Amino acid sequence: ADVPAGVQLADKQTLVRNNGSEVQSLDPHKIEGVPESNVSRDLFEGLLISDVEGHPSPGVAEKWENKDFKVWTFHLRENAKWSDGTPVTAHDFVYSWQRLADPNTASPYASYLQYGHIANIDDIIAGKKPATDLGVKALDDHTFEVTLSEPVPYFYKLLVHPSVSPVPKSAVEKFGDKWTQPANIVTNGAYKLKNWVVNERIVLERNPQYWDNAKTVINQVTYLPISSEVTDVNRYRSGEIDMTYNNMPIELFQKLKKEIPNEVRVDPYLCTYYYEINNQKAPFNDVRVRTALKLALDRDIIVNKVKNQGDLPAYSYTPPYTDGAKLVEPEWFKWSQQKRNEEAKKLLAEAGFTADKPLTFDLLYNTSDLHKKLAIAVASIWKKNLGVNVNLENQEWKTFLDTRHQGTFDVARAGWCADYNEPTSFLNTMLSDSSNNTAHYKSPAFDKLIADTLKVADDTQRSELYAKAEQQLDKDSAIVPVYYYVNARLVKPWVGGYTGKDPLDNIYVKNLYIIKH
């Protein structure tokens, strides 16, 4: 942290943050969500990290170069160490990216190495070549070299993601799936794991071996797993919580803005809220049904009437303010809701649905006050505007993500947040073979447009190709875009260091500090 001259620090430097739910895991190769990444960034540090404003900056790598955007050479600082005092080396990165690639690890983020185009990844994921063929090598203990199969000018932007953080081979090999227990885990970020009580709390304590430990201020941070946004706000206002999770309750937000305006932080966020349709299951494999659902949802009611927290009605998957996004707003978005409704009804009647044999399906969402209220409103809108019946189902976070990967579902509430600020961070997840493709969407046309983006060495052509990729997605109604998020959360006046300038919201508790109060 960089504490400003003149600020008086509190004697006790502890922090309590709500983290939305129980994490899937603390293993960097078994995670895919925001709650998981919030904890991962304090524990495991990759080649680069985001600075306090979100710019990619030195992590374990103090400096790096590229050759033709294809061969990337990372010079690792000599004093990077794990929490047991052993050096962090380029061999750790070799083992770790190989483990991420290995199909036996079954990482949800296995395709992140496809997104970066590391050499031989397709064959490794397919079981054709062993993980040791991956295009990574340690030239020495402090030099990590990555070889890509094509020029990727934005490659380094990907490297702040937790899936490309190192994992300690001896602990993994010795303890298998219990390697992340507090008695066994070893970490190289600013913090170490102290306590982990499922469904109660995760407590981290400063890691004195962290190379940048002298600048760390917070000695202990607790992450809670509270999925009720109302309860989160209540325990923030009671004094227990210093920073809520960034999901705000419909019950209280308007009141909060008038009561504690200075604590209500609202900033740009590169995330999209949408209803994910299971494209491989009838009757959702019919474009008419997916289009009808997409058009009949009334975004103005949901966004400005039922939620009204600053979100913007959405007509695409990639948020339009992503760096490199130059999207074409579809004509249906400018129509009246009435005109959308008639088209939707017309399509469902064409698809064979009637008053007597209506369309009925499940709407799955992760336990939450906010998602439940939005799902109920969506259910009523769809009933009124299209005659469709939905059965709401809630599931805890970890189980919910597993259901979507399983493709045991009809429609699910969903949200994707960028891992790097570039349209492919969104678009690559809709590729036929992507490990993140929970829409189970498979379009050769869509795959071709994205493949073509690294075959040109021109930014305008790439942006035009991303615009057309969004048009293909929309044409197929792969999803139901709902709104582009704002990052809305409460932060106590004494929490210093949170700028709200990072559109990815990649916070590191090593950057925060507690002001005397």
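Start at 1 and count along the sequence shown; that's the residue number. Take the two forms, superpose them, and find the largest set of C-alpha atoms that agree within 1.5 Å; that set is the rigid core.
> Is 400-408 or 231-239 the stretch whose C-alphas end up farther from this model in 8 other deposited structures of this protein after a rigid core fit?
Comparing 231-239 with 400-408, the one that moves more in 8 other deposited structures of this protein is 400-408.
> If you line up the core and then measure how far each C-alpha sits from this form in 8 other deposited structures of this protein, which stretch comes out higher, 255-263 or 338-346?
Farther from the shown form on average in 8 other deposited structures of this protein: 338-346.
> Between 133-141 and 299-307, point out the one with the higher average CA B-factor as the PDB entry records it.
Averaged over C-alpha atoms, the B-factors run higher in 299-307.
> Would you tell me which stretch averages the higher CA B-factor in the PDB entry, 69-77 or 124-132?
Higher mean C-alpha B-factor: 124-132.
> According to the Cα B-factor stored in this entry, which of the following is highest: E205, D177, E422, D92?
The listed residue with the largest C-alpha B-factor is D177.
> Can you tell me which of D232, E251, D242, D362 has the highest Cα temperature factor in the record?
In the PDB entry, the greatest C-alpha B-factor among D232, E251, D242, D362 is found at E251.
> Consider only the C-alpha atoms of the modelled residues in this chain, order them by B-factor as the entry records it, and name the third containing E45: lowest, middle or highest.
As the PDB entry reports it, the C-alpha B-factor of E45 lands in the lowest third of its chain.
> When the deposited Cα B-factors of this chain's modelled residues are ordered and cut into thirds, is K384 in the lowest, the middle or the highest one?
According to the entry, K384 has a C-alpha B-factor in the chain's highest third.
> Taking the C-alpha B-factors as the PDB entry records them, is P283 in the lowest, middle or highest third of its chain?
Top third by C-alpha B-factor.
> Using the B-factors in the PDB entry, rank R340's C-alpha atom against the chain and give the third, lowest, middle or highest.
For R340, the deposited C-alpha B-factor lands in the highest third.
> Among the modelled residues of its chain, does the C-alpha B-factor of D505 lie in the lowest, middle or highest third?
Lowest third - that is where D505 ends up once the chain's C-alpha B-factors are sorted.
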